[PDB]
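A.B. asks: To start, I am sharing the structure in question, which I have written as structure tokens.
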Amino acid sequence: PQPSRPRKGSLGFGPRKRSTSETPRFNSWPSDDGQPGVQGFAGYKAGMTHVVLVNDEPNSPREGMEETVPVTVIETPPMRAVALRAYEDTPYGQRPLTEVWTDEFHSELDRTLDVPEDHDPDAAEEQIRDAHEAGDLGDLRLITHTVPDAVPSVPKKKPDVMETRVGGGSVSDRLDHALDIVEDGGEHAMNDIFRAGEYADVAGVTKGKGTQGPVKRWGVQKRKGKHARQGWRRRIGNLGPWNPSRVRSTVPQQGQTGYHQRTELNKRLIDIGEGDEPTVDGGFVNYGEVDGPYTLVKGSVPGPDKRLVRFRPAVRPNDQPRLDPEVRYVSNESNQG
Amino acid sequence: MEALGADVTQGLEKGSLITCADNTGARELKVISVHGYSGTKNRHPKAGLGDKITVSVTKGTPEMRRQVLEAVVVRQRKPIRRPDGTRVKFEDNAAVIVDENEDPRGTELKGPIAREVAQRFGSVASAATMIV
Amino acid sequence: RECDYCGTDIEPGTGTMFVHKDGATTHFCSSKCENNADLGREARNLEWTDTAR
RNA sequence: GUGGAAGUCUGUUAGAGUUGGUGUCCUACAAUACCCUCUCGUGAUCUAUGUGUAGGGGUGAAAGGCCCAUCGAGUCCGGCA
RNA sequence: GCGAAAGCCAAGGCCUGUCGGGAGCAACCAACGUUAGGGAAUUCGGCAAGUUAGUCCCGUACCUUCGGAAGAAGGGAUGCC
RNA sequence: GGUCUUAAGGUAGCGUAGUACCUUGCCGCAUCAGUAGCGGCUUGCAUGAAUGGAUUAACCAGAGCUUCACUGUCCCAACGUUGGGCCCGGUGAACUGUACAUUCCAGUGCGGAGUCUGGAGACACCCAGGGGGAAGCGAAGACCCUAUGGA
RNA sequence: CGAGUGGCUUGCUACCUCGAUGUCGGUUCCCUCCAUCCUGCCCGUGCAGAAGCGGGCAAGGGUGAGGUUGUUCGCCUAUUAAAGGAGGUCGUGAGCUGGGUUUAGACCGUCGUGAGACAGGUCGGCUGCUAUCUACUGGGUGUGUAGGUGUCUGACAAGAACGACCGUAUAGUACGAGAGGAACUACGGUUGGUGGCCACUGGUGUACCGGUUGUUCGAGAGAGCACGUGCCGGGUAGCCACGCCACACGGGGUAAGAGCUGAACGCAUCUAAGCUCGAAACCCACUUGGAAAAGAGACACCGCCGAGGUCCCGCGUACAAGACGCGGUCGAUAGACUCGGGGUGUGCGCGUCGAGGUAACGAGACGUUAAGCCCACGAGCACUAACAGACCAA
Ligand SMILES: [Cl-]
Ligand SMILES: [Cl-]
Ligand SMILES: [K+]
Ligand SMILES: [Mg+2]
Ligand SMILES: [Mg+2]
Ligand SMILES: [Mg+2]
Ligand SMILES: [Mg+2]
Ligand SMILES: [Mg+2]
Ligand SMILES: [Mg+2]
Ligand SMILES: [Mg+2]
Ligand SMILES: [Mg+2]
Ligand SMILES: [Mg+2]
Ligand SMILES: [Mg+2]
Ligand SMILES: [Mg+2]
Ligand SMILES: [Mg+2]
Ligand SMILES: [Mg+2]
Ligand SMILES: [Mg+2]
Ligand SMILES: [Mg+2]
Ligand SMILES: [Mg+2]
Ligand SMILES: [Mg+2]
Ligand SMILES: [Mg+2]
Ligand SMILES: [Mg+2]
Ligand SMILES: [Mg+2]
Ligand SMILES: [Mg+2]
Ligand SMILES: [Mg+2]
Ligand SMILES: [Mg+2]
Ligand SMILES: [Mg+2]
Ligand SMILES: [Mg+2]
Ligand SMILES: [Mg+2]
Ligand SMILES: [Mg+2]
Ligand SMILES: [Mg+2]
Ligand SMILES: [Mg+2]
Ligand SMILES: [Mg+2]
Ligand SMILES: [Mg+2]
Ligand SMILES: [Mg+2]
Ligand SMILES: [Mg+2]
Ligand code: NA
Ligand code: NA
Ligand code: NA
Ligand code: NA
Ligand code: NA
Ligand code: NA
Ligand code: NA
Ligand code: NA
Ligand code: NA
Ligand code: NA
Ligand code: NA
Ligand code: NA
Ligand code: NA
Ligand code: NA
Ligand code: NA
Ligand code: NA
Ligand code: NA
Ligand code: NA
Ligand code: NA
Ligand code: NA
Ligand code: NA
């Protein structure tokens, strides 16, 4: 009769090829609700440890009691919105209009870009404001970048650049807000965007594992019983039926597994601090010691230690925010042993 | 069912032979099914702590033997995680015969019982000697 | 808590509790100790154990 | 207690065989191999060397088995284009 | 050591079961080790793998051609000084 | 039926058989559930006495079944070891090849098309892979029929 | 009784293949159909409720585990929301398996004078090939768009990224004589599927440390071998699942269906024109891929005698070649060293004790000694090595 069974692995994350940018690119942003603000921030993964918390959940029969939570530590030092990019609505979607840059640049931003030496901030600002007047102004976002130099455990100094949308009240009000941010020096911090207890979508390029067999790449069975001793152990039965006479792309096959971009939804921000309180004894394995601006994200986070991860206010949360959760303990015990 | 208040790793399967932690006259039990459970192609139906399973009597009194009764998993060897991150595992896999209403067919429960089992099966619980 | 075997302070959100046949309880801080126990050894005869120390 | 019988037992002693793995190999190392496993292993035993039996004939504890990679009738050449 | 057994080692022989270099050396394959909880649910079938294991003491059913079954089963011991 | 064919007309046993079409026979045992197995029954499609019958200790790489023990056979896969695999130097074959050839979805056609027809898709070259298709390669089909064939 | 549809069954036909299109079942893995078993929305009821029965839309998702049998089928069990069916050369042997069918050996029954037969049973009985093309999965190099760096857009493409159940409140309430017994909504959990991650538990860990058997190096010390660890005990990192985290709602348009206004047809009428609602289905939302989209894109800056890039050197958050990412003295990229953090479990020697023994000798115990040995991690640290230098480029 042949029992039914769901196909192996999903066809929603494909093709399963290596990622173009090791740095994540959100393809969706939060809704323009509250006040003007940057809709994103980044950092570098460090490692994991647990923390004891006070049941915060109101609908829990344990609300108020202790509860051990697994947390991934993320060094989230300040970043710098070095420019405001404007997009115009067109019969072919949104298109970049112009940009407003600054003059104050991080000592090492030239390890990636050809830093501006001559730029007209006002013409740009004008062009935009004339677009808005005409009403062809599409959403507004800030070209930002990280300061890897601020993080000792991370070998790179070459900054990771990434555009992040600015959502706010009126377009006019958030356009200004943007310009204000940029003009300064672009410098902003995780606090200026997120608050512990809130949910955030964490993007990032997973851990790479090169080429892998279908068994691991797609979760197909291994050969069972006697079939496993005959010369086939981890190969699938067949690439398909006689007809159609071709191998359909939907059939599990070997390939590049890992190092794919993944936007992990509704992650709870357990705490945003600074110092070496979250650091573990001996040092986070294959990473180092933490001691500066950090974030504690509940659960796991795609990517391997040292990879740049990107935050965004959840675009489709399920729960209501239960701000600043009481942390009674954070384990500093060695991740060795 | 009601939340066990813990995370369980089913330590048992259909065909599994456990201990009958009560004085019903039933010594050994054979797991036949797991209430409310639906597995997946090739997956052996799994049962664990706090699961109400269907059983058949492998060893015991002549009149109890071969009978298809219902029961509840009171203990298992495979570890279970509590809210504070600790793990809890017992010395054996045992269950207690129960009825339609979930009241212990027996009078007394032999051995310890996981607290979590309380939060689902009162009468069973209120029949317990030691509740870990 | 203190591991009922070697006696070191068990790290919160860490350790396994073994329920004995009779009903008794033993909180182990690590696999190593559980396993020294399963061999039938007594923490007092192991010099690395806080108990012995 | 002695005695030490046996188509006796266990046994990769040597040696003989070839049950399973339907493993490895399958343009092979090999036109019948490799490995693990397994049978016999004082007897109707195994073996070297010599010698006898020749093709509708041998030999055959019989499978139509075997008679030089050739067998429900060997091989060579001839009948034969 | 029971041993012409295994394992280790002499004497003697050899590095010629005769292509090498490099990548923590991926998928996949050949030989193989270990796998928690469960324990034949796998499968035509427990195929493969595994379990048991040497010696001594205790003890040993049905059945039987009285030879045997039988090392039945089951239980205990086992070093060094 | 209460003899007739053709001489006699199945006795001891054994029996749903490695013989039983009906068939998964009926009953029982065993299991949660047993076309299996074992026991009893048995009118045996179509058992039975050296065409040997029944039975049977020992023996068996002989066929079926059950229990204890055991375990990666399975749940459900993981990690590791060694030799390949992958890159480099040297050595260096074979199978196969009417031609053309980047195909896919339909249709058509001697009714099972990369080549026809309509559309769709398609920048060229190369590396690895597991083998869907070339009714893939390998063998003038062993089955079947035909020959005024052979043995 | 009469009219049909399908092409799953069976038969008919002899068109296709006998210079071979590998058999039955199963298995594994992929796509589909609807005549729908469950799940969503509905209509009717011999609809009080609850549970059903019949019917309509609907194929998004699900449809599982076992006992006998080679079986397909089917019988049986216990779970279940339900344990639906069918097509894909009765999909799937250049994938597996080989129990059955269907060779040669053999038995039994029936038939036959016999050789031997069976649309009877039975035990045994082999699964070849290094992929040229095409196809697809992943990975590169070029060319086109026409100097470079960084950041995007989004034509379109993929998704099930989610499916379902149980429990609590609603409530012992509506309904009902009673027995019995719902719902909307709000919550908690489980299961299957999905993507990711290793603090925690668990596995591995032929890195590592210890115990110990046999033998060899005379003993001791310290070591080799016993299959690629002798065995046993423990086990860091990393990789993992049996571990952990995350996976909506809501809009828009419809089917069946419920209705509004409304005429042909003064009335009536959900429809003919118009309109309000309404499915797990459709579109959007969300994730992932996507300038080779030939309308071959957009923006900012840098540069055209110099911007940037290749080679070079130290290394990996990357990796089969290629690719990718980072560092290179204005330096913490790798190693040494020293700390830190970890794994074992108390080293050699010496001292005391030691059943004993005339003595020689003496297994072993305690102390020195959280000792000795060891680490795929971190920090400090320019001590060593990132030197020297080549090249392309409008
Ligand atoms: Cl398989
Ligand atoms: Cl079940
Ligand atoms: K043919
Ligand atoms: Mg095979
Ligand atoms: Mg760790
Ligand atoms: Mg199956
Ligand atoms: Mg620990
Ligand atoms: Mg003999
Ligand atoms: Mg022998
Ligand atoms: Mg001779
Ligand atoms: Mg013959
Ligand atoms: Mg010759
Ligand atoms: Mg196991
Ligand atoms: Mg079975
Ligand atoms: Mg075997
Ligand atoms: Mg019978
Ligand atoms: Mg029989
Ligand atoms: Mg006679
Ligand atoms: Mg054409
Ligand atoms: Mg022919
Ligand atoms: Mg013939
Ligand atoms: Mg003739
Ligand atoms: Mg073919
Ligand atoms: Mg329909
Ligand atoms: Mg579908
Ligand atoms: Mg089965
Ligand atoms: Mg077929
Ligand atoms: Mg099929
Ligand atoms: Mg084949
Ligand atoms: Mg095939
Ligand atoms: Mg082949
Ligand atoms: Mg066969
Ligand atoms: Mg057979
Ligand atoms: Mg046969
Ligand atoms: Mg051109
Ligand atoms: Mg060795
Ligand atoms: Na093979
Ligand atoms: Na093999
Ligand atoms: Na085929
Ligand atoms: Na005598
Ligand atoms: Na052999
Ligand atoms: Na002749
Ligand atoms: Na001739
Ligand atoms: Na007769
Ligand atoms: Na024999
Ligand atoms: Na294994
Ligand atoms: Na092919
Ligand atoms: Na028809
Ligand atoms: Na037909
Ligand atoms: Na042909
Ligand atoms: Na088949
Ligand atoms: Na459907
Ligand atoms: Na069945
Ligand atoms: Na087949
Ligand atoms: Na085959
Ligand atoms: Na809708
Ligand atoms: Na282009």
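All of this is worked out from the model, or read from it or from the source named; nothing here is a laboratory result. Note: ideal-geometry Cβ built from the backbone for every residue, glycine included; neighbour counts use all protein chains shown.
A.B. asks: If a residue counts only when it is more than 20 Å from A:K207 (Cα to Cα), which strands (runs of 3 or more DSSP E) contained entirely in segment A:273-337 have at least 3 such residues?
C.D. replies: Qualifying strands (runs of 3 or more DSSP E): A:292-298, A:327-330.
A.B. asks: Search segment A:72-92 for residues being more than 30 Å from B:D7 (Cα to Cα), out of contact with any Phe, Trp or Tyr (no Cβ under 9 Å at 6 or more places or on another chain) and not in a loop (DSSP other than H, G, I, E, B), and hand back the single one that is farthest from the other protein chains (Cβ to nearest Cβ).
C.D. replies: Restricting to residues being more than 30 Å from B:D7 (Cα to Cα), out of contact with any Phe, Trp or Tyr (no Cβ under 9 Å at 6 or more places or on another chain) and not in a loop (DSSP other than H, G, I, E, B), the top hit is A:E88.
A.B. asks: Here are C:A37, C:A52: which of them is farther than 24 Å from B:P112 by Cβ and more than 9 Å from chain B (Cβ to nearest Cβ)?
C.D. replies: C:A52
A.B. asks: Follow-up. Take the residues in segment A:203-244 that are charged (D, E, K, R) and farther than 30 Å from A:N266 by Cα, then tell me which one is farthest from ligand 2 (Cβ to nearest atom).
C.D. replies: Filtering segment A:203-244 for residues that are charged (D, E, K, R) and farther than 30 Å from A:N266 by Cα, the one farthest from ligand 2 (Cβ to nearest atom) comes out as A:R235.
A.B. asks: Tally time: how many residues in segment B:38-57 are over 23 Å from B:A127 (Cβ atoms) and surrounded by 14 or more Cβ atoms within 10 Å (Cβ to Cβ)?
C.D. replies: Selection size over segment B:38-57: 2.
A.B. asks: Moving on to the next point. List the number of the failed condition for A:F311; all other conditions in (1) closer than 30 Å to A:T211 by Cα; (2) surrounded by fewer than 21 Cβ atoms within 10 Å (Cβ to Cβ); (3) aromatic (F, W, Y) hold.
C.D. replies: Condition (2) is where A:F311 drops out.
A.B. asks: All but one of (1) within 11 Å of chain C (Cβ to nearest Cβ); (2) of a type in the set (S, T, N, Q); (3) crowded, with 17+ Cβ neighbours inside 10 Å hold for B:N93, so report the exception by its number.
C.D. replies: For B:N93, the failing item is (1).
Residues are listed down the side, and each one gets a yes or a no for (1) under 11 Å from the mean Cα position of the chain (by Cα); (2) more than 22 Å from B:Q76 (Cβ to Cβ):
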site: C:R1; (1), (2): no, yes
site: C:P12; (1), (2): no, yes
site: C:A24; (1), (2): no, no
site: C:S30; (1), (2): yes, no
site: C:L46; (1), (2): no, yes
site: C:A52; (1), (2): no, yes
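A.B. asks: Here's something else I'd like to know. Quick test of your reading of the structure: B:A71 fulfils all but one of (1) more than 13 Å from the chain's Cα centre (by Cα); (2) within 16 Å of RNA strand F (Cβ to nearest atom); (3) surrounded by 15 or more Cβ atoms within 10 Å (Cβ to Cβ). Name the failing condition by number.
C.D. replies: For B:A71, the exception is condition (1).
A.B. asks: Taking into account only those residues within segment C:1-24 that are closer than 29 Å to A:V71 by Cβ and outside any loop (DSSP other than H, G, I, E, B), which is farthest from RNA strand F (Cβ to nearest atom)?
C.D. replies: By that ranking, first place goes to C:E2.
A.B. asks: Further question: Is segment A:188-195 home to any residue that is without any contact (Cβ under 8 Å) to a residue 40 or more places away in the chain and not in a strand (DSSP E or B)?
C.D. replies: Of all residues in segment A:188-195, those without any contact (Cβ under 8 Å) to a residue 40 or more places away in the chain come to none.
For segment A:188-195, residues without any contact (Cβ under 8 Å) to a residue 40 or more places away in the chain and not in a strand (DSSP E or B): absent.
Yes or no, residue by residue, for (1) within 16 Å of RNA strand D (Cβ to nearest atom); (2) in contact with a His (Cβ under 7 Å, 6 or more places away or on another chain); (3) within 14 Å of chain C (Cβ to nearest Cβ):
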{"site": "B:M1", "(1), (2), (3)": "no, no, no"}
{"site": "B:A6", "(1), (2), (3)": "no, no, yes"}
{"site": "B:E13", "(1), (2), (3)": "no, yes, no"}
{"site": "B:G25", "(1), (2), (3)": "no, no, no"}
{"site": "B:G39", "(1), (2), (3)": "no, no, no"}
{"site": "B:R66", "(1), (2), (3)": "no, no, no"}
{"site": "B:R75", "(1), (2), (3)": "no, no, yes"}
{"site": "B:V98", "(1), (2), (3)": "no, no, no"}
{"site": "B:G111", "(1), (2), (3)": "no, no, yes"}
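A.B. asks: Which of the residues belonging to segment A:6-51 are surrounded by 11 or more Cβ atoms within 10 Å (Cβ to Cβ) and within 14 Å of chain B (Cβ to nearest Cβ)?
C.D. replies: Selection gives A:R7, A:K8, A:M48, A:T49, A:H50, A:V51.
A.B. asks: With out of contact with any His (no Cβ under 8 Å at 6 or more places or on another chain) and in a strand (DSSP E or B) as the only criterion, which of A:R174, A:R223, A:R165, A:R217 stands out?
C.D. replies: Exactly one residue qualifies, and that residue is A:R165.
A.B. asks: Here's another thing I want to ask about it. Limited to segment A:177-187, what total is found for residues that are part of a loop (DSSP other than H, G, I, E, B) and either surrounded by fewer than 19 Cβ atoms within 10 Å (Cβ to Cβ) or among the aliphatic types (A, V, I, L, M) (or both)?
C.D. replies: Taking segment A:177-187 first, the residues part of a loop (DSSP other than H, G, I, E, B) are A:185-186.
Next, only the ones that are either surrounded by fewer than 19 Cβ atoms within 10 Å (Cβ to Cβ) or among the aliphatic types (A, V, I, L, M) (or both) stay: A:185.
Summing the residues that are part of a loop (DSSP other than H, G, I, E, B) and either surrounded by fewer than 19 Cβ atoms within 10 Å (Cβ to Cβ) or among the aliphatic types (A, V, I, L, M) (or both) in segment A:177-187 gives 1.
A.B. asks: Take the conditions surrounded by fewer than 17 Cβ atoms within 10 Å (Cβ to Cβ) and at negative phi and apply them to B:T19. Does it pass? Walk me through it before giving the result.
C.D. replies: On the way: surrounded by fewer than 17 Cβ atoms within 10 Å (Cβ to Cβ): no; at negative phi: yes.
The answer is no for B:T19.
A.B. asks: Here is a further query. Could you go through segment A:52-71 and let me know if any residue there is outside any loop (DSSP other than H, G, I, E, B), touching a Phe, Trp or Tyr at 6+ places or on another chain (Cβ under 8 Å) and surrounded by 20 or more Cβ atoms within 10 Å (Cβ to Cβ). Walk me through it before giving the result.
C.D. replies: As a first pass, look at segment A:52-71 and keep what is outside any loop (DSSP other than H, G, I, E, B): A:52-54, A:66-71.
Now narrow it down to the ones that are touching a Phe, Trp or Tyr at 6+ places or on another chain (Cβ under 8 Å): A:52.
Next cut, surrounded by 20 or more Cβ atoms within 10 Å (Cβ to Cβ) only: none.
No, because not a single residue in segment A:52-71 is outside any loop (DSSP other than H, G, I, E, B), touching a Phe, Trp or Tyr at 6+ places or on another chain (Cβ under 8 Å) and surrounded by 20 or more Cβ atoms within 10 Å (Cβ to Cβ).
A.B. asks: Sticking with this one: Cβ-Cβ below 8 Å, separation at least six or inter-chain, first residue in segment A:222-242 and on the phi > 0 side of the Ramachandran plot and in the same structural domain as A:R7 (by CATH), second assigned to a loop (DSSP other than H, G, I, E, B) and away from ligand 6 (no atom under 16 Å from the Cβ): which pairs?
C.D. replies: Listed pairs, sorted by first residue: A:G240/A:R246; A:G240/A:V247; A:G240/A:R248; A:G240/A:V251.
A.B. asks: I've got another one for you. Checking A:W232 against (1) within 16 Å of ligand 4 (Cβ to nearest atom); (2) under 30 Å from A:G12 (Cα atoms); (3) within 14 Å of chain B (Cβ to nearest Cβ), which single condition isn't satisfied?
C.D. replies: The single condition A:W232 does not satisfy is (3).
A.B. asks: Another question, then. For segment A:72-108, enumerate the residues that are surrounded by fewer than 17 Cβ atoms within 10 Å (Cβ to Cβ) and either in contact (Cβ under 8 Å) with a residue 60 or more places away in the chain or not small (G, A, S) (or both). Before you say what the answer is, go through the steps one by one.
C.D. replies: First, the residues of segment A:72-108 that are surrounded by fewer than 17 Cβ atoms within 10 Å (Cβ to Cβ): A:89-96, A:103-104, A:107-108.
Across segment A:72-108, the qualifying residues are A:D89, A:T90, A:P91, A:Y92, A:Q94, A:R95, A:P96, A:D103, A:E104, A:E108.
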